[PDB]
Each structure stands twice: as C-alpha cells, then as structure tokens.
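Chain letters run A, B, ... following the sequence lines, proteins first and then strands; every chain starts at 1. In what follows, every heavy atom counts, from backbone to side chain, and hydrogens, waters and symmetry copies are set aside.
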Amino acid sequence: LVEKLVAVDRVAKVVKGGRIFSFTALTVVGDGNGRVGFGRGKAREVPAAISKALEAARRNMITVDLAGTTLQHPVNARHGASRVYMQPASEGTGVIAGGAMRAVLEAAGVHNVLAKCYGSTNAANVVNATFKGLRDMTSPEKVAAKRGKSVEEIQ
RNA sequence: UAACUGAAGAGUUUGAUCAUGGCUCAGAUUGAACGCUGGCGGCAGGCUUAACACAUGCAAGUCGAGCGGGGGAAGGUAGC
Ligand SMILES: NCCC[C@H](N)CC(=O)NCCC[C@H](N)CC(=O)NCCC[C@H](N)CC(=O)N[C@@H]1[C@H](O)[C@@H](OC(N)=O)[C@@H](CO)O[C@H]1NC1=N[C@@H]2C(=O)NC[C@@H](O)[C@H]2N1
C-alpha cells in the first residue's frame, strides 16, 4: 500500500483571548493495481493529522478496472466547482496531470494518461472529482453484460 | 516499411473556509537592443526608424561581315 500526502494546511479557530491553531492533512493510499482511496484528518499536530487521514483513506477505498495501465475511455467528472477530464494515452507517455490528480492516478496504478483541470483547483475537490471519475469509468465486459451482447459484438 | 503521439499548474482578498474574479509567475520564439565577458571553424543573417537630403566612383552596351568619311603605326619601290 503506497501512501501519498497531497496537502497539509494550518487552520484557525477564534476564541476569547486568542486563536487555537490546528492542522489538516489529505492523503491518498493505493495498492497500485486497481485499488485506491483517499481521506482527510484533522489534529493539533501534523503527525496525528496525517495518521488520521491515512486511517480514513484506508476506510474509504474503491476498485478500479483499468485497461492494462491506462484508462478504458475518456472521462469527464466534477465535484462542486472542480471539473476534471482524463484521457487514455499510449505507452511511454507517462502521467500528464497536476499534483492532486497525479497522486490519485499513481495510487490507482495508471501509468499513461493525459488529464486536465477546469475551474477551481482546490486539492480536496480535485481529488473528489478524480476519485468519482475513476469509480464511474466502465469496461467492455460490463457494457456487454448490461446490453446482453458479447464483447466481440460490442467491439 | 515511414510520413506522428496529443492537453500538468503555482502565488495573492480572510482570524479560518469554500466559491467568484482580476493581477503576477514557471514555456516557446526574435532581422532584436543594452550591461559584463570573449579562443577558433562551418553555414546563414545584417537600416524594422527619415518613400529624409545626397559629395564621389561604378551599375547598358555591342556590331566595320550595314554605310560613307577620318586617323595614326609597320612595310615596299624610287631618289638622294
Ligand atoms: N449538499 C448539502 C445539501 C443541503 C441542502 N440544504 C438540503 C436541502 O435543503 N433539502 C434536501 C434535498 C436533498 C436532495 N434531494 C438530494 C441531493 O442532494 N442529490 C444530489 C447529491 C447526491 C448525494 N446526496 C451526494 C453524493 O452522492 N455525493 C458524493 C460524495 O461526496 C462522494 O462520493 C462518496 N460516495 O463519498 C463524491 C466522490 O468523491 O461524489 C459525490 N457525488 C457527486 N458529486 C457531484 C457534484 O457535485 N455534481 C454532479 C454529480 O457528479 C455529483 N455527484
């Protein structure tokens, strides 16, 4: 299980006499062969925040059906004001994406992809959109099963 | 055989936050200019502004097998 730390931020809460500071961490875990998840953690210190984020990421996982080491088809997804577009690429291309998309894709095991963000680039929302797109991407076997055809018929 | 295959973001409004939205940055390119410095070769390029005014030299001649004249050099014969 490879673990990646997308972002760490300091947040404040106002009380009488001053401010209480805390830290938030966003993490993505993945096996690298089709299983990936993400989570967030809040704590008064960075190590505890990262630990909580990793535990939440392990509790929130999905399974992704890749075509080799790339996507099955182009994907459009969005969460809130963040929109993402991902497209399969040939061998040797690599992962052409921003940091937030790159964490999720590398954790899921995608090796060749072209990706783009439109709208807001907030890390949590971008991770949400990429996660949803990867979850909703389909495969020829599922398409054939749902249509009642064969894979060769589907083409 | 081959004639293409292609898309990354970041900073900044607030005590935190998300969104909106400008401004700024990372790239490629140039008939460039300026500052510091400067060994060689190959191949290119070189008034983007005053279609402003121009000294001087050169950048369109050739034909005597179209024609009549006119020149000045070599020869020969005759006298001395
Ligand atoms: N919001 C607070 C509302 C407060 C409001 N005052 C309440 C009120 O007044 N009346 C109550 C009326 C409630 C209404 N009838 C039901 C309703 O809201 N239906 C719509 C919401 C569906 C559902 N409920 C929420 C949901 O499934 N979220 C998931 C979730 O976050 C996460 O997936 C998981 N599994 O964790 C993520 C992937 O990471 O995908 C999100 N999905 C999505 N993201 C996308 C996005 O944004 N756009 C486009 C599309 O793609 C979206 N789908």
For atom [atom1], what is the distance between [N] and [M], given to the nearest Å?
| N | M | atom1 | answer |
| --- | --- | --- | --- |
| B:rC47 | B:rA32 | P | 10 Å |
| B:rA44 | B:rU37 | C1' | 25 Å |
| B:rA8 | B:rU12 | P | 23 Å |
| B:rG66 | B:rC80 | P | 48 Å |
| B:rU49 | B:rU29 | P | 26 Å |
| B:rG39 | B:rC25 | P | 37 Å |
| B:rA51 | B:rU56 | P | 22 Å |
| B:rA53 | B:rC40 | P | 42 Å |

Give a yes/no answer on whether the side chain of [X] brings an N or O atom under 4.0 Å of OP1 or OP2 in [N].
| X | N | answer |
| --- | --- | --- |
| A:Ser120 | B:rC18 | no |
| A:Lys116 | B:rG9 | yes |
| A:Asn112 | B:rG6 | no |

Specify the separation, in whole Å, of atom [atom1] of [X] and atom [atom2] of [N].
| X | N | atom1 | atom2 | answer |
| --- | --- | --- | --- | --- |
| A:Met86 | B:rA8 | CE | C1' | 14 Å |
| A:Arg10 | B:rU17 | CZ | P | 10 Å |
| A:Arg102 | B:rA7 | CZ | P | 13 Å |
| A:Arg19 | B:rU14 | CZ | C1' | 11 Å |
| A:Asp9 | B:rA10 | CG | P | 12 Å |
| A:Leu26 | B:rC18 | CG | P | 12 Å |
| A:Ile20 | B:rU17 | CD1 | P | 16 Å |
| A:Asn125 | B:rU20 | CG | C1' | 14 Å |

Nucleotides B:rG22 and B:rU12 paired (Watson-Crick or wobble, under 3.5 Å):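 Between B:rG22 and B:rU12, a qualifying pair exists.
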Partner check B:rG45 against B:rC63: Watson-Crick or G-U, both under 3.5 Å: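 No, B:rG45 does not pair with B:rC63.
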Please classify [N] as syn or anti, treating any glycosidic angle within 90° of 0 as syn.
| N | value |
| --- | --- |
| B:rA16 | syn |
| B:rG6 | syn |
| B:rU20 | anti |

Centres of the six-membered rings under 5.5 angstrom apart and planes under 30 degrees: does that hold for [N] and [M]?
| N | M | result |
| --- | --- | --- |
| B:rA74 | B:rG75 | yes |
| B:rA8 | B:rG9 | no |
| B:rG6 | B:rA7 | no |
| B:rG31 | B:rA32 | no |
| B:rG42 | B:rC43 | yes |

Which part of the nucleic acid does [X] contact within heavy-atom distance under 4.0 Å: base, sugar-phosphate only, or nothing?
| X | result |
| --- | --- |
| A:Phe21 | nothing |
| A:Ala89 | base |
| A:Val11 | sugar-phosphate |
| A:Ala97 | base |
| A:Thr93 | base |

Does [N] carry a north or a south sugar when the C1'-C2'-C3'-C4' torsion is used to decide?
| N | answer |
| --- | --- |
| B:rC47 | south |
| B:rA65 | south |
| B:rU62 | north |
| B:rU49 | south |
| B:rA74 | north |

Counting neighbours of [atom1] on [X] that are heavy atoms of other residues, nucleotides or ligands and sit closer than 6.0 Å, is the number greater than 12?
| X | atom1 | result |
| --- | --- | --- |
| A:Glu91 | CD | no |
| A:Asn33 | CG | no |
| A:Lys149 | NZ | no |

Between [options], which nucleotide has the shortest distance from any of its atoms to the side chain of [X]?
| X | options | result |
| --- | --- | --- |
| A:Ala12 | B:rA8, B:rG15, B:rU20 | B:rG15 |
| A:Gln87 | B:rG6, B:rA16, B:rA19 | B:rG6 |
| A:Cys117 | B:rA19, B:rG15, B:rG9 | B:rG9 |
| A:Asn122 | B:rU17, B:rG15, B:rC18 | B:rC18 |
| A:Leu114 | B:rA16, B:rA7, B:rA10 | B:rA7 |
| A:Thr121 | B:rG9, B:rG6, B:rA8 | B:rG9 |

A:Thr70 side chain to A:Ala67 backbone, donor-acceptor under 3.5 Å: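 Absent.
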Expected output: side-chain A:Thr27 to main-chain A:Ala53 donor-acceptor under 3.5 Å: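 Yes; judged by distance alone, with no hydrogens or angles, the pair exists.
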Side chain to side chain, [X] and [Y], heavy atoms closer than 4.5 Å:
| X | Y | answer |
| --- | --- | --- |
| A:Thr63 | A:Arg135 | no |
| A:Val104 | A:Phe38 | no |
| A:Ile62 | A:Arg35 | no |

Within 45° cone and under 6.0 Å: A:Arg10 NZ/CZ vs A:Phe21 ring: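 Yes.
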Toward the 5' end of RNA chain B, by each residue's nearest nucleotide, A:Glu91 or A:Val95: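 The 5'-side residue here is A:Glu91.
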